[PDB]
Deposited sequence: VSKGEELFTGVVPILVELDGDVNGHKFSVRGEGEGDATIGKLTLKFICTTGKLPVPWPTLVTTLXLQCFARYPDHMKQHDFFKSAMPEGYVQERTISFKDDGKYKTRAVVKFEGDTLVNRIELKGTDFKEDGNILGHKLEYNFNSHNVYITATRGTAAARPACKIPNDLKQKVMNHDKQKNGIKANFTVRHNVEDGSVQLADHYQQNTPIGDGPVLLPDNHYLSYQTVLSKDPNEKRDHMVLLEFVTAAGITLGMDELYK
């Protein structure tokens, strides 16, 4: 409700990811803006260590839920903003159906006027010619609901989420990626504990027609729902 105030207009965003997949080290950097009042993100990413060793779509979910639009009747259930300035840790296991897993840890917080997402990612046990290390995913995204639940302490008060992403494969098939999420507040200020509900995501991947670097332009539309 107080952190709510930080998102009344357009907010500039920085993103830094450092990764290791099956020993291949790599880095991503991105910037853009978010407008929680209309639930939109825009971001551009570059790979700063050379060739990206995993497909861009596999990173979309790792590379800002505080930018969801929560409808009026649901503002009490927005943990994400109620955790700002000061932020939250966002942890995930992303399991790929017949392939490796990513473990991710992010710090999401304000630094001055900028909202920062800094992430470590460890990827293990991928197949050399799977859909991931073999770069066989299509450059597009599908639509998914992120299911959120509360969780008190006895850590401290945070949330959990779960959901399954569906990656389109070259050959017409689908590559499932199951996500299991934990979010813990950085500070000790009051945060809001939500009833069960979900975030509906819609996502577009494109290119900048004038950019020679291997990159990704990500557009996200996010609205909270699932409570009348």
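A.B. asks: Unmodelled stretches of the deposited sequence, numbered from 1?
C.D. replies: No C-alpha for residues 1, 65, 157 to 178, 253 to 260.
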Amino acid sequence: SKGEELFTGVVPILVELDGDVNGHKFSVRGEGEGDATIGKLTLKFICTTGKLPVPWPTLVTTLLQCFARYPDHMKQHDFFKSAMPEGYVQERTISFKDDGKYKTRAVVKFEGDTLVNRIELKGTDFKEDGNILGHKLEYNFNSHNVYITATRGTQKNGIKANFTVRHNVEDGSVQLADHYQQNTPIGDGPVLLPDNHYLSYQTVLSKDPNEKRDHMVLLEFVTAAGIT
From here on, numbers count along this sequence of modelled residues.
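A.B. asks: Once the chain's modelled residues are ordered by C-alpha B factor and cut into thirds, is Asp125 in the lowest, middle or highest one?
C.D. replies: For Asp125, whose C-alpha B-factor we compare with every modelled residue in the chain, the answer is the lowest third.
A.B. asks: According to the PDB entry, is the CA B factor of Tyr201 in the bottom, middle or top third of its chain, that is, lowest, middle or highest?
C.D. replies: For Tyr201, whose C-alpha B-factor we compare with every modelled residue in the chain, the answer is the middle third.
A.B. asks: By the recorded C-alpha temperature factor, relative to the other modelled residues in its chain, which third is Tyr139 in?
C.D. replies: Its C-alpha B-factor, which the entry lists for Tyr139, ranks in the middle third among residues of this chain.
A.B. asks: Just say lowest, middle or highest third for the CA B-factor of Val116 relative to the other modelled residues in its chain.
C.D. replies: As the PDB entry reports it, the C-alpha B-factor of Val116 lands in the highest third of its chain.
A.B. asks: According to the PDB entry, is the CA B factor of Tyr102 in the bottom, middle or top third of its chain, that is, lowest, middle or highest?
C.D. replies: Its C-alpha B-factor, which the entry lists for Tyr102, ranks in the lowest third among residues of this chain.
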